[PDB]
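J.: Here is my input, please return the structure:
(2 chains)
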Amino acid sequence: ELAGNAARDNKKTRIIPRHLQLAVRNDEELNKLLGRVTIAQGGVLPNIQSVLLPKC
DNA sequence: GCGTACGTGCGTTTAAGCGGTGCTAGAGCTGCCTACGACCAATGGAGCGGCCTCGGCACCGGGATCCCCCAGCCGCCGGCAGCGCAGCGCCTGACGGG
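T.: Residues are numbered from 1 along each chain as shown, chains lettered A, B, ... in the order given. Sure, structure below:
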């Protein structure tokens, strides 16, 4: 269900692990179930520390 | 280099701590009865294997942003150098005193 919504955003009809890793990581609750599992070819969540960004 | 706030110390003070009750709740165990899960023999069809064909995605090529950059550009202002000047203390007059 969470994965399917992600596939909608990228518009691909076929579900893909990149969706799966993305889906199960945004939900903080489901995150706790798999806090020590790594998905094949999952890729990290898109995140950047604010300080790294330019001052303005 | 600044400065505050947290360590050190002192002086209350109070609730922890001790020792003492007194209770019954609840855990531990036993006796005994039941049902429910394992076991066994059959059965078929759900699932798994083997093909096998379209199109979702990949890939390309092109056009479309769009942030990223920065000199242009001006405003601003303050510093700065020059200029006009305001005030004062002395300089020096006006006029009586020495």
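
J.: now the most centrally placed residue in chain A, what's its secondary structure?
T.: In chain A, the centroid-proximal residue (Cα atoms, centre = their mean) is residue A:22; its distance is 1.8 Å. Secondary structure state of residue A:22, per DSSP: H, G, I helix; E, B strand; the rest coil, is helix.

J.: wait, it sits on residue A:45?
T.: Yes - here residue A:22 reaches residue A:45: they are 7.1 Å apart, a contact under Cβ atoms under 8 Å. Heads up, the C-betas are built off the backbone N, CA and C, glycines and all.

J.: Report the separation between the residue nearest to residue A:22 when sequence neighbours are not counted and residue A:35.
T.: Of all residues beyond its chain neighbours, the one nearest residue A:22 is residue A:6 (5.1 Å), with distances taken as Cβ to Cβ, 6 or more residues apart in numbering. Distance, residue A:6 to residue A:35, by Cβ to Cβ, to the nearest Å: 20 Å.

J.: which one of these two has more residues nearby?
T.: Using other Cβ atoms under 10 Å, the more surrounded residue of residue A:6 and residue A:35 is residue A:6, with 19 against 6.

J.: Spit out the contact partners of that one.
T.: Residue A:6 makes contact with A:19, A:22-23, according to Cβ atoms under 8 Å, 6 or more residues apart in numbering.
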